[PDB]
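*Asks:* Dropping the structure in here first, questions after.
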Amino acid sequence: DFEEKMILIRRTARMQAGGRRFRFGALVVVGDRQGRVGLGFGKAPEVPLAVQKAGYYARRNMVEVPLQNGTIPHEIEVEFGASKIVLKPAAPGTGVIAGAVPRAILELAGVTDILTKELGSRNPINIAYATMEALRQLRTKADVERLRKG
Amino acid sequence: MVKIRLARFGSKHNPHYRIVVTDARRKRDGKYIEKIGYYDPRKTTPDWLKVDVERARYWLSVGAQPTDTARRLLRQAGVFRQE
Amino acid sequence: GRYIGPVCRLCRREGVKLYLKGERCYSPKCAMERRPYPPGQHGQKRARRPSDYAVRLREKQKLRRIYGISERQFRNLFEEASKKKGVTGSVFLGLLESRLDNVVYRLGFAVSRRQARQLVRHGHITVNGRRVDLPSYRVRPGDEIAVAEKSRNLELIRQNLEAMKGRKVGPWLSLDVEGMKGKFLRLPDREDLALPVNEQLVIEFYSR
Amino acid sequence: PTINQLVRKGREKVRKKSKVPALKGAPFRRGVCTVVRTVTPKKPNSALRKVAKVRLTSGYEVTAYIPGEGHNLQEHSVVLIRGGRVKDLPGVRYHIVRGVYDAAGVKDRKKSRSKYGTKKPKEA
Amino acid sequence: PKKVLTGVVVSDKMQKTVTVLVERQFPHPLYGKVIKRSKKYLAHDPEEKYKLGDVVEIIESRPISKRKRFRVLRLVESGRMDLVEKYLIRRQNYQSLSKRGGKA
Amino acid sequence: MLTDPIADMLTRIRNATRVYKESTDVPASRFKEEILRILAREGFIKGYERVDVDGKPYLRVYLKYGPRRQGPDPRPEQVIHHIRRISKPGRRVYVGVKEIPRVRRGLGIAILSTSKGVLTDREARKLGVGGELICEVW
RNA sequence: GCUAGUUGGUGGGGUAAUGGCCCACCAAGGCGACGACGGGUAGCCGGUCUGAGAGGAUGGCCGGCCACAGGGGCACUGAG
RNA sequence: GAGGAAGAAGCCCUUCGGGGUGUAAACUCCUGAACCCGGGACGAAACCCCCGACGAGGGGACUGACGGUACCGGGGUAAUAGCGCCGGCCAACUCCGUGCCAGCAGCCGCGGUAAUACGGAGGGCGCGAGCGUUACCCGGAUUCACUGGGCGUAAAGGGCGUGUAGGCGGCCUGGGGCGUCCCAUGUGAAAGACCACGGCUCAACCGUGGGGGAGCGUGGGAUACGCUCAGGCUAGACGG
RNA sequence: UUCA
RNA sequence: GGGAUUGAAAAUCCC
Ligand SMILES: [K+]
Ligand SMILES: [K+]
Ligand SMILES: [K+]
Ligand SMILES: [K+]
Ligand SMILES: [K+]
Ligand SMILES: [K+]
Ligand SMILES: [K+]
Ligand SMILES: [Mg+2]
Ligand SMILES: [Mg+2]
Ligand SMILES: [Mg+2]
Ligand SMILES: [Mg+2]
Ligand SMILES: [Mg+2]
Ligand SMILES: [Mg+2]
Ligand SMILES: [Mg+2]
Ligand SMILES: [Mg+2]
Ligand SMILES: [Mg+2]
Ligand SMILES: [Mg+2]
Ligand SMILES: [Mg+2]
Ligand SMILES: [Mg+2]
Ligand SMILES: [Mg+2]
Ligand SMILES: [Mg+2]
Ligand SMILES: [Mg+2]
Ligand SMILES: [Mg+2]
Ligand SMILES: [Mg+2]
Ligand SMILES: [Mg+2]
Ligand SMILES: [Mg+2]
Ligand SMILES: [Mg+2]
Ligand SMILES: [Mg+2]
Ligand SMILES: [Mg+2]
Ligand SMILES: [Mg+2]
Ligand SMILES: [Mg+2]
Ligand SMILES: [Mg+2]
Ligand SMILES: [Mg+2]
Ligand SMILES: [Mg+2]
Ligand SMILES: [Mg+2]
Ligand SMILES: [Mg+2]
Ligand SMILES: [Mg+2]
Ligand SMILES: [Mg+2]
Ligand SMILES: [Mg+2]
Ligand SMILES: [Mg+2]
Ligand SMILES: [Mg+2]
Ligand SMILES: [Mg+2]
Ligand SMILES: [Mg+2]
Ligand SMILES: [Mg+2]
Ligand SMILES: [Mg+2]
Ligand SMILES: [Mg+2]
Ligand SMILES: [Mg+2]
Ligand SMILES: [Mg+2]
Ligand SMILES: [Mg+2]
Ligand SMILES: [Mg+2]
Ligand SMILES: [Mg+2]
Ligand SMILES: [Mg+2]
Ligand SMILES: [Mg+2]
Ligand SMILES: [Mg+2]
Ligand SMILES: [Mg+2]
Ligand SMILES: [Mg+2]
Ligand SMILES: [Mg+2]
Ligand SMILES: [Mg+2]
Ligand SMILES: [Mg+2]
Ligand SMILES: [Mg+2]
Ligand SMILES: [Mg+2]
Ligand SMILES: [Mg+2]
Ligand SMILES: [Mg+2]
Ligand SMILES: [Mg+2]
Ligand SMILES: [Mg+2]
Ligand SMILES: [Mg+2]
Ligand SMILES: [Mg+2]
Ligand SMILES: [Zn+2]
C-alpha cells in the first residue's frame, strides 16, 4: 500500500543545568506511487519513536498529485521560507532530476519524469515543505476549466 | 589564372579529393571559388566520381584551366564529349 | 583488458548471482549458492544502510559487470544512448545486447560472455559471412552470426552447439543449430530482457 | 538596480586571484634551497614540520613544505616546487616534490608511493 | 545601396561643410530596454545652402576630405533649434565636470 | 502621476481579489478596455462595465472566484492566481510570433499587443504575429 | 579635457584611384561624459570548451583575414 | 577460456570452535597475441605516342616513397599489471607500530598509548595501460542576479535640499511609420557541430547527402503599444 | 595557563 | 635528557 522514505534524522540539543538534553527529529515521506504523498516531521526522545511518529504524521498529511503520465501538468515555483523550489514538466525517458529531498517526495507521489531545481535556502525541512506545497498547487486543464467556466 | 583542380580531403592513407575551381595561387586545400565534383582514387564505393558537368562546362567557358589529372576525370564524365 | 580475475566474487559483492562462469553458476557452486554474502574479511557483518549514492553505484556495477565491459567502454555507450531518440534506459540496454561478443553468447555458441569474447578475438566467428574479431562490433538487425566455416569442427563448438539442440532462445534472435548460424532479428525490448537491474538507477548514477 | 542603472553601469565581472604565484601559472617551478628548517604549527597542533626557503626561477623566494617521513635537503639542494598549502603552517603555500632533483623520494614507503616519489620495490 | 541617414545640422561654422547629428534607437543587447545612441557626421554642402536647425537626409559619398564622407541629399524640414539647443546644452555641461564645478 | 496605467490596472485587480472584492474600479482607457475584453472572454473575470465615478469614466471590473473550501480557512480558490506585467516603461518587451511564450503549458495565457490588435498567445499565433508582451495571467 | 595638418575651403603635387595623403594660400574650426585624450593588456575570425539556457572562458591544430622577417628608415624593378 | 575442495600451503584475523584471501592457485581440457613460412595490395592514369583533324573519340607505353607494409592462407607458444583511495562529504575496516612525536590534511579536521584519519600488513572500494598530482578554463556559484539577488537590525539609503543633463510620462482623435510585428528575397566560404546513409573487419578517423535559425542588405505589408507632428480634454500639476 |  | 605532578602538556619541584 504505502511506502516510506526517510528524508533526514537529526539530533537536536537543549540546555539544562548538568548538561545538554537531546531529542531527534525525523522527516518521512509516504506515497502510493499512484499520485498520493504525505510529509511528516516527527520529533521524539529516541530515533525510532521519532521516525514512527513522523510516518504517522505523514499519512495525516496527504496530497493528490495530478500525474499526467509520470510528469506534472505544468511548471511551478514555490518559496517556503527562504527556500524556493522549481518544478518543470519533462518528457518520458528524462527521469527524476532532483536533489535527494524533492526526489523522495516526487518518486513516492508516482512521478517518473520531471525537471527540478533547489534555489535559495536549501534547508531540507523547508525545501520539503516548498515541494509539498508546489505539488499541492498543481492544477489541471479540467480544473482550470471548472474554474474559469462559471 | 583560375583553375580546376583536386583539393585533398579524407585522411592519412584515405585520400578523398574535391574537384575544385580556385585561383592558381591558393593553398592546395585553401578557400576555393566553387566545388564542382568529388573523386575517390580508391573507388571504395560505387559512387567514387561525380562531376557537375554543366558547371564544369561553365568554368571552361570562362577560362578555368584544368590540372592534367583534373582534365582526366572531367572527361571520364563526358565533360568534353561533343558527339 | 576486460577485468580478468575472480568473478564468483563480484556476484557476491552484488548480492545477486551474475553469470560470469556459465554452467558452474548453474550447478550448486556459483558461491552465491551457500555463501551469497559479499567478499572480504568483513563479508558476514551487518550492512549499514546504503547511501543514495551507494545504491545507484552498486546497481550500475551489476549492469556493467554482467556484460563484462570496461567503464570507459560502458560510459561511451550510455552517452551514445542519452543522445539517441527514445527512452535512454531501454535504448542503452539495446546497445549493450548488440555487442557481438554478447550476441554470440546469447546464441549459445559460447557458455559465458568471457568465453564468447575469446571466440570472437580468435576469429571463430562470422558476421554476414566475413570474419570479425571485434567483440564490441555492433550487430545490426538482419545480420547472420555464424561459426567460422573452419571452426565448426572445433571440439568446444560441438558441445555448446550440441546442448543447444532443442532449446528455445531469445525472441529477438533465431538459432539455426544446423549451419551453426544465428540471426539478430530485432533490438530487444526491456520486456524481452529479464536482467536483475533497474536501469533507472544507472541513468541516475550518471545524472549526478 | 533599475534597468537604466544597469544600462548606465552594467554589472562587474568577478576576477579570481591566484593562490599560487609560481608565475606563469606553471604547473611546477624549480629553485634552490636557501634554508632548510623546522617550523611549529598553529593551534591546535604541535610538531616540527619541515620547511625550506626556496629561491625560484620565477624570481621568487617562497617557503615550501617537505612532505614525508624524512628528507635529504641542505642549503644548496635544487628542487621542484609543486604548489599546495599546509593548513597548519601559515605562509606555506607550496610543496616540494619528492623524487625529483636533489630531493630523494622516501625509502621504505610502500603505500602512496607515487607521491613521495618512491620506486616500486621488487617482491621476492 | 549607399546609406542615407537623417539628422539635424548643429553647425555651419565651416566653409561648404555642415555637421549633422544623427540619432539611432535600438534594444540593448542584454538589458533589452530601447536605448538611444547618436553620432555626428561632417557632410558636404557645396553652395552653403543648409543651416542650423535643418533636418536633412545625408547620403554615403565618395570621400571629400579626411573625416568627411557624406553629402546632404536634401532638406526634410527647416529651422528647429529645439534640437540644436538640446545638443548645445549637452556640451554646455561638459564645461563643469573636471577640476572645478559649474552652476546647473 | 501614474507611470504604468496597465500595471496599475493589473494591480487593482490583483489587490482586490486578494480581499475577495465584489467588483473593483479602474480609471477607463480604450487599451485597458481591450485587456478586459480578453480577461472576460477567457473567464478570469465575471466581466466588466463602463461607469462614471465622480464624473470621470471608470471600469467596474467584476471579479470572480472559486467555491468555499473545507477545513480551516474556507477562502475560495482564486480564478486569477497570477497576473503580472511583463513589458514596462523603461524596458519594453517585444516578441516575434516565433518567440511567443506558452504560459503554464496553455493552462495560462499571455496578452500581447500586436499591430492586429490585442490578443492572447493563441490568437496571436493563429494570425501569426507578435508584438509587445503586455503581461501574463494564470 | 584633447587638438593645430589640428577641422574645413581654393588651387596644386601625387597615385590605378578618392582623400590634409603631401604642399601653398584662406577660414577657425574638429573631438569629448553615448567617455575624447591618456595608461594597461591584446593579432581578429570560422570555431573551441563549458553551461538547461542566457551567459562565461578561449583563439593550439585546420580554414579566412591582418601584421612582421635582428631594430629603424628608404626607394628601385615590376601587372603586382 | 571452461572445469576445478565445504575449500592446499603462506599471510591476515579470532570469543581460538572458527572466519577471510578463495575457484583464486595448483591441476585437467581447450583456443592460440607473439613468432615462423608462403602469397602479396589499392592509392596509377594521365602528361606522352599512334589512329583520328594536335578536337571528340580508342588504342598503347612509363611510373609506388610508404612497403615486402596492409590484408590473405598455413603453422603456432598461456603468454605485462599497475596506480589512487577506505573519518564525513565519498564507494570501501580490521590488527600491529607510534604516543601533540613521527606525520596526514581539498574543506570540516586527525596524532598527547587501546587512532576505521599517521606508518605497515591483511582485507576492501574505484579505475585499468594506465592511475594519481600540480596548473589553468566553465560548472555547481540566482556568489555581479538579462533570464535570475539585494540594502530597518546580516554588507548595503547619499546628512538634507535645489535643481542640470538624462531616464520615465493622464484621457480622446488624426497624419507619418523611427522602435515593434509580418511575408518575400540576397547574403550567411569550406571545415566543425546536428541528422541520415556510407568506407577502413568495429571504432577513433573519413566521405556523400540533408537541415540551418540568428545577424545584417533589399522589396512589399500591418499600426495595437512605444516614438514623432497636429488638434482636443480636465481626473496629474500649477494658479485665483 | 594550552589542547581535549 | 629523567622522575614528581597531569588526561597529556606548560608551570613548579627534585637529580
Ligand atoms: K511565500
Ligand atoms: K585639396
Ligand atoms: K575574443
Ligand atoms: K566567441
Ligand atoms: K595466422
Ligand atoms: K550612512
Ligand atoms: K496614427
Ligand atoms: Mg543521529
Ligand atoms: Mg488535484
Ligand atoms: Mg525571500
Ligand atoms: Mg546561500
Ligand atoms: Mg535518449
Ligand atoms: Mg547583468
Ligand atoms: Mg606554481
Ligand atoms: Mg591559532
Ligand atoms: Mg592536535
Ligand atoms: Mg591544492
Ligand atoms: Mg558655412
Ligand atoms: Mg577636399
Ligand atoms: Mg547631391
Ligand atoms: Mg572644454
Ligand atoms: Mg502590476
Ligand atoms: Mg500576480
Ligand atoms: Mg523578461
Ligand atoms: Mg593630416
Ligand atoms: Mg556617441
Ligand atoms: Mg602582443
Ligand atoms: Mg546553470
Ligand atoms: Mg548559471
Ligand atoms: Mg589558422
Ligand atoms: Mg618592422
Ligand atoms: Mg625590418
Ligand atoms: Mg612581372
Ligand atoms: Mg613601376
Ligand atoms: Mg580460471
Ligand atoms: Mg594447440
Ligand atoms: Mg588502376
Ligand atoms: Mg598501384
Ligand atoms: Mg595526324
Ligand atoms: Mg595525329
Ligand atoms: Mg611523369
Ligand atoms: Mg562510505
Ligand atoms: Mg594518505
Ligand atoms: Mg593503537
Ligand atoms: Mg586505519
Ligand atoms: Mg581518510
Ligand atoms: Mg591507517
Ligand atoms: Mg585503452
Ligand atoms: Mg568555478
Ligand atoms: Mg553566474
Ligand atoms: Mg564571489
Ligand atoms: Mg535582476
Ligand atoms: Mg544576496
Ligand atoms: Mg552591527
Ligand atoms: Mg547593515
Ligand atoms: Mg549595518
Ligand atoms: Mg536617510
Ligand atoms: Mg542634514
Ligand atoms: Mg503616453
Ligand atoms: Mg535571412
Ligand atoms: Mg547557412
Ligand atoms: Mg558554413
Ligand atoms: Mg561501417
Ligand atoms: Mg557536410
Ligand atoms: Mg496636446
Ligand atoms: Mg600565565
Ligand atoms: Mg593541542
Ligand atoms: Zn558466479
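Residues are named by chain letter and number: chains run A, B, ... in the order of the C-alpha cells, numbers start at 1 in each chain, and ligands are numbered from 1 in the order shown.
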Enumerate residues in contact with ligand 45: an atom-to-atom distance of at most 8 Å, counting only C-alpha atoms (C1' of nucleotides) and all ligand atoms. Format the result as an NGL selection string.
*Replies:* :H and (93-94 or 115-117)
*Asks:* Compute the set of protein, DNA and RNA residues whose minimum atom distance to ligand 56 is at most 12 Å, using only C-alpha atoms (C1' of nucleotides) and all ligand atoms, and state it as a PDB file with C-alpha atoms (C1' of nucleotides), in the first residue's frame.
*Replies:*
ATOM      1  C1'   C H 151      20.032  47.432   1.135  1.00  0.00           C
ATOM      2  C1'   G H 152      15.186  48.550   9.346  1.00  0.00           C
ATOM      3  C1'   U H 153      18.625  45.028  12.913  1.00  0.00           C
ATOM      4  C1'   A H 154      23.128  40.427   8.358  1.00  0.00           C
ATOM      5  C1'   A H 155      27.114  44.071   3.556  1.00  0.00           C
ATOM      6  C1'   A H 156      24.224  47.957   1.645  1.00  0.00           C
ATOM      7  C1'   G H 157      19.597  54.643   1.549  1.00  0.00           C
TER       8        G H 157
END
*Asks:* Counting only C-alpha atoms (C1' of nucleotides) and all ligand atoms, which protein, DNA or RNA residues come within 12 Å of ligand 10, given as an MDAnalysis selection string?
*Replies:* (chainID A and resid 78:85 119:121) or (chainID H and resid 142 149:150)
*Asks:* Skipping near chain neighbours, those fewer than 4 positions away, what residues fall within 8 Å of range 81-88 of chain D using only C-alpha atoms (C1' of nucleotides), listed as JSON, numbers by chain?
*Replies:* {"D": [20, 22, 27, 28, 29, 30, 31, 41, 42, 43, 45, 64, 65, 92, 93, 94, 95, 96, 97], "H": [105, 134]}
*Asks:* Would you put the residues from that selection into a file with C-alpha atoms (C1' of nucleotides), as a PDB file, in the first residue's frame?
*Replies:*
ATOM      1  CA  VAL D  20      49.988  30.031  -6.389  1.00  0.00           C
ATOM      2  CA  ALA D  22      54.748  30.449  -9.025  1.00  0.00           C
ATOM      3  CA  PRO D  27      52.288  23.544 -13.046  1.00  0.00           C
ATOM      4  CA  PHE D  28      55.665  23.375 -11.249  1.00  0.00           C
ATOM      5  CA  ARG D  29      58.720  25.552 -10.788  1.00  0.00           C
ATOM      6  CA  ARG D  30      62.287  24.788  -9.719  1.00  0.00           C
ATOM      7  CA  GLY D  31      64.537  26.538  -7.223  1.00  0.00           C
ATOM      8  CA  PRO D  41      52.184  24.792  13.582  1.00  0.00           C
ATOM      9  CA  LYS D  42      49.311  26.842  14.972  1.00  0.00           C
ATOM     10  CA  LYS D  43      46.583  25.703  17.346  1.00  0.00           C
ATOM     11  CA  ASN D  45      48.574  21.280  16.605  1.00  0.00           C
ATOM     12  CA  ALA D  64      57.942  25.209   0.700  1.00  0.00           C
ATOM     13  CA  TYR D  65      56.854  22.157   2.679  1.00  0.00           C
ATOM     14  CA  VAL D  92      53.463  27.788   3.346  1.00  0.00           C
ATOM     15  CA  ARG D  93      51.615  27.687   0.010  1.00  0.00           C
ATOM     16  CA  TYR D  94      53.702  25.165  -1.957  1.00  0.00           C
ATOM     17  CA  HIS D  95      55.038  21.629  -1.588  1.00  0.00           C
ATOM     18  CA  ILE D  96      58.366  20.259  -2.663  1.00  0.00           C
ATOM     19  CA  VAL D  97      58.015  17.302  -4.996  1.00  0.00           C
TER      20      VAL D  97
ATOM     21  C1'   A H 105      45.223  17.212   5.699  1.00  0.00           C
ATOM     22  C1'   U H 134      50.014  20.203  -9.795  1.00  0.00           C
TER      23        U H 134
END
*Asks:* Can you list every residue of chain H that has an atom at most 12 Å from ligand 63, with its nearest atom pair and the distance in Å to one decimal, using only C-alpha atoms (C1' of nucleotides) and all ligand atoms, ordered by chain then number, as a tab-separated table?
*Replies:*
residue	atom	partner	partner_atom_place_in_ligand_line	distance
H:197	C1'	ligand 63	1 (Mg)	10.5
H:198	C1'	ligand 63	1 (Mg)	7.3
H:199	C1'	ligand 63	1 (Mg)	7.1
H:200	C1'	ligand 63	1 (Mg)	8.3
H:201	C1'	ligand 63	1 (Mg)	9.1
H:202	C1'	ligand 63	1 (Mg)	7.3
H:203	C1'	ligand 63	1 (Mg)	9.1
H:206	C1'	ligand 63	1 (Mg)	11.2
*Asks:* Report as a VMD selection string which protein, DNA and RNA residues come within 8 Å of ligand 40, using only C-alpha atoms (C1' of nucleotides) and all ligand atoms.
*Replies:* chain H and resid 50 to 54
*Asks:* Which residues are near ligand 3 - at most 8 Å, using only C-alpha atoms (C1' of nucleotides) and all ligand atoms? Format: as a ChimeraX atom specification.
*Replies:* /G:44,58-59
*Asks:* Counting only C-alpha atoms (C1' of nucleotides) and all ligand atoms, which protein, DNA or RNA residues come within 8 Å of ligand 49, given as an MDAnalysis selection string?
*Replies:* chainID H and resid 138:141
*Asks:* Restrict the selected residues to C-alpha atoms (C1' of nucleotides) and save them as a PDB file, in the first residue's frame.
*Replies:*
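again.pdb, written as the output of this step:
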ATOM      1  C1'   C H 138      33.493  26.818 -17.484  1.00  0.00           C
ATOM      2  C1'   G H 139      30.128  24.361 -13.830  1.00  0.00           C
ATOM      3  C1'   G H 140      27.903  23.846  -9.308  1.00  0.00           C
ATOM      4  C1'   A H 141      28.005  29.939  -7.836  1.00  0.00           C
TER       5        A H 141
END
*Asks:* Write as number ranges by chain the residues around ligand 34, taking 9 Å as the cut-off and counting only C-alpha atoms (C1' of nucleotides) and all ligand atoms.
*Replies:* G: 76-78
*Asks:* Taking only C-alpha atoms into account, which residues of chain F are within 12 Å of chain A, as a PyMOL selection string?
*Replies:* chain F and resi 39-47+63-67+76-82+102-109+138
*Asks:* Using only C-alpha atoms and a distance of at most 9 Å, pull out the residues of chain D that contact chain E, as a count of residues only.
*Replies:* 4
*Asks:* Pick out the residues no farther than 10 Å from ligand 64, counting only C-alpha atoms (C1' of nucleotides) and all ligand atoms, and list them as a ChimeraX atom specification.
*Replies:* /H:190-192,207-210
*Asks:* As a quick test: using only C-alpha atoms (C1' of nucleotides) and all ligand atoms, which residues lie no more than 6 Å away from ligand 23? Give them as a PyMOL selection string.
*Replies:* chain F and resi 14+82-84
*Asks:* What would the file look like if the residues just selected were written as a compact mmCIF listing (two decimals), in the first residue's frame with N, CA, C and O atoms?
*Replies:*
# COMPACT_ATOMS: atom_id res chain seq x y z
N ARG F 14 -5.38 42.49 -9.05
CA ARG F 14 -4.66 41.60 -8.15
C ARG F 14 -5.03 41.92 -6.68
O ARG F 14 -5.47 41.04 -5.92
N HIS F 82 -2.41 34.26 -10.75
CA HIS F 82 -1.26 35.09 -11.08
C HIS F 82 -1.65 36.04 -12.19
O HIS F 82 -2.43 35.70 -13.07
N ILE F 83 -1.13 37.25 -12.12
CA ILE F 83 -1.37 38.25 -13.14
C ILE F 83 -0.25 39.26 -12.97
O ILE F 83 -0.31 40.12 -12.09
N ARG F 84 0.77 39.15 -13.83
CA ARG F 84 1.95 40.01 -13.75
C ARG F 84 2.32 40.78 -15.02
O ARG F 84 2.17 40.26 -16.12
*Asks:* Residues near residue 185 in chain H, anyone? I mean within 12 Å using only C-alpha atoms (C1' of nucleotides), not counting same-chain ones fewer than 3 positions away, as a PyMOL selection string.
*Replies:* chain H and resi 217-220
*Asks:* Once you have the residues from the selection above, write them out as a PDB file, in the first residue's frame, restricted to N, CA and C atoms (P, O5', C5', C4', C3', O3' and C1' of nucleotides).
*Replies:*
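Written file, again04.pdb:
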ATOM      1  P     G H 217      20.419  46.541 -42.217  1.00  0.00           P
ATOM      2  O5'   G H 217      20.518  46.320 -43.784  1.00  0.00           O
ATOM      3  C5'   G H 217      21.679  46.755 -44.484  1.00  0.00           C
ATOM      4  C4'   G H 217      21.635  46.281 -45.899  1.00  0.00           C
ATOM      5  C3'   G H 217      20.306  46.495 -46.580  1.00  0.00           C
ATOM      6  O3'   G H 217      20.152  47.830 -46.999  1.00  0.00           O
ATOM      7  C1'   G H 217      21.082  44.311 -47.040  1.00  0.00           C
ATOM      8  P     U H 218      18.686  48.471 -47.015  1.00  0.00           P
ATOM      9  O5'   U H 218      17.969  47.672 -48.184  1.00  0.00           O
ATOM     10  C5'   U H 218      18.582  47.606 -49.478  1.00  0.00           C
ATOM     11  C4'   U H 218      17.754  46.762 -50.403  1.00  0.00           C
ATOM     12  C3'   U H 218      16.274  47.065 -50.366  1.00  0.00           C
ATOM     13  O3'   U H 218      15.946  48.182 -51.160  1.00  0.00           O
ATOM     14  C1'   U H 218      16.597  44.731 -50.242  1.00  0.00           C
ATOM     15  P     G H 219      14.675  49.068 -50.755  1.00  0.00           P
ATOM     16  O5'   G H 219      13.453  48.154 -51.199  1.00  0.00           O
ATOM     17  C5'   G H 219      13.277  47.816 -52.580  1.00  0.00           C
ATOM     18  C4'   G H 219      12.123  46.873 -52.747  1.00  0.00           C
ATOM     19  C3'   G H 219      10.877  47.236 -51.975  1.00  0.00           C
ATOM     20  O3'   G H 219      10.120  48.246 -52.596  1.00  0.00           O
ATOM     21  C1'   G H 219      11.328  44.945 -51.670  1.00  0.00           C
ATOM     22  P     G H 220       9.252  49.234 -51.680  1.00  0.00           P
ATOM     23  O5'   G H 220       8.030  48.317 -51.227  1.00  0.00           O
ATOM     24  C5'   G H 220       7.150  47.776 -52.218  1.00  0.00           C
ATOM     25  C4'   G H 220       6.281  46.689 -51.643  1.00  0.00           C
ATOM     26  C3'   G H 220       5.404  47.033 -50.454  1.00  0.00           C
ATOM     27  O3'   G H 220       4.220  47.740 -50.772  1.00  0.00           O
ATOM     28  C1'   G H 220       6.469  44.976 -50.049  1.00  0.00           C
TER      29        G H 220
END
*Asks:* Can you tell me how far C1' of residue 80 in chain G sits from CA of residue 35 in chain B, in Å to one decimal?
*Replies:*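 Interatomic distance here is 27.8 Å.
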*Asks:* Between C1' of residue 144 in chain H and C1' of residue 55 in chain G, what is the distance in Å, rounded to a tenth?
*Replies:*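 Separation between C1' of residue 144 in chain H and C1' of residue 55 in chain G: 12.4 Å.
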*Asks:* Given a cut-off of 9 Å, what residues near ligand 7 show up using only C-alpha atoms (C1' of nucleotides) and all ligand atoms, put as a PyMOL selection string?
*Replies:* chain H and resi 174-177+223
